[PDB]
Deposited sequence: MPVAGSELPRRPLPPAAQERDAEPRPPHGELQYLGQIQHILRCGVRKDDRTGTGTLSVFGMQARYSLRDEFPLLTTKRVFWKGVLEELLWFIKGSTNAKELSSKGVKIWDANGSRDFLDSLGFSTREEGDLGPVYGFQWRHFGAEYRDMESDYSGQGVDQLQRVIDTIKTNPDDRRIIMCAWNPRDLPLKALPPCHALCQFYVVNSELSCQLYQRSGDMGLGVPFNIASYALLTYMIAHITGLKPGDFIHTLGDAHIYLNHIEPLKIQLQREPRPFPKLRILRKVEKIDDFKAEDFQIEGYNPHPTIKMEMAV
């Protein structure tokens, strides 16, 4: 099994061998623990072809993440149980969450218009600096948290860990996710981290190599079985290409207009609740 065929084989396997297991809502999944798939990034981009993936959402959310924004409305205006706060909730201030962890891990939070330069650990500049100072390093690792777990005195575990790897001038990425929603989150996360990989490879003078996606609880929501059953009958088409339009030097300088997908012909959108 290779390409999108891995993803399809993994859906089939969960359908055939998954065990019924409830998530935090109380809603039902078929679940399997432990899976991995590899998608080559050489001269192709793993935007799934067996349903249309919301590519623009993938990009804009990655750009907001990279900025380390905690302003909800900065993503709402692109058009794309975590209670706390009052006037800050109306305002749209999310708290020290998402990209705030990639660019300012463990900094003291003020508000979302506040100035965080040089505060907390910039995990993402660290990854890029290490790639340039020691490409052989085995610790080129960046982590994300779910906003829900972030008391964060609690030393809460990460939701995802992304490990980069460099050999022969090629940048590879392994994403480990402690849980993965195969119907909706996984196709999105594949595109998203393969995009990150293209960005980092570009500003570091490497060629993208491989994206490896590894899960803990790989699951399918009960209300995602029939549409997935039908997706399984569709034959994958050659992956599109991702072209970067100008020469970019810093991860912060990338803009949505720098990117162009080419030769993308997916099967039609599947809607999933």
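Colleague: Extract from the deposited sequence all ranges with no corresponding C-alpha coordinates, numbering residues from 1.
Modeller: According to the record, the gaps fall at 1-26, 107-117, 311-313.
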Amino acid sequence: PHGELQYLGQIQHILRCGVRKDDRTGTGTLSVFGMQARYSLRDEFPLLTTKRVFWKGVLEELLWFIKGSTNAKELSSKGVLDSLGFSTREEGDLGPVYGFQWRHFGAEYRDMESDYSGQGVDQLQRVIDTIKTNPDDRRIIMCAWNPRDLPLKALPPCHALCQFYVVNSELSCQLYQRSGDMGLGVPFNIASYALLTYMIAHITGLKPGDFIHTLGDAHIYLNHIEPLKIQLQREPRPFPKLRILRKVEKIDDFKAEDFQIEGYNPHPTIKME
From here on, numbers count along this sequence of modelled residues.
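Colleague: Would you tell me which stretch averages the higher CA B-factor in the PDB entry, 98-106 or 173-181?
Modeller: Mean CA B-factor is higher for 98-106.
Colleague: When the C-alpha temperature factors are averaged for each of 66-74 and 45-53, which stretch ends up with the higher value in the entry?
Modeller: It is 66-74 that shows the higher mean C-alpha B-factor.
Colleague: Reading the B-factor column of the entry, which of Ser192, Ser117, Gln123, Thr133 has the highest value at its C-alpha atom?
Modeller: Across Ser192, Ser117, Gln123, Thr133, the entry lists the biggest C-alpha B-factor for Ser117.
Colleague: Pull the Cα B-factor of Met35 out of the PDB entry and bin it into the chain's lowest, middle or highest third.
Modeller: For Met35, whose C-alpha B-factor we compare with every modelled residue in the chain, the answer is the lowest third.
Colleague: Determine, from the deposited record, the chain-internal third of the Cα B-factor for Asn223: lowest, middle or highest.
Modeller: It belongs to the middle third of the chain when residues are ordered by C-alpha B-factor.
Colleague: Taking the chain's C-alpha temperature factors as the reference, tell me which third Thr197 falls into: lowest, middle or highest.
Modeller: For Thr197, the deposited C-alpha B-factor lands in the lowest third.
Colleague: Comparing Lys241 with the other modelled residues of its chain, is its CA B-factor in the lowest, middle or highest third?
Modeller: Tercile = middle for this residue's CA B-factor.
Colleague: Please rank the C-alpha B-factors of the chain's modelled residues and tell me whether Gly216 sits in the lowest, middle or highest third.
Modeller: Bottom third by C-alpha B-factor.
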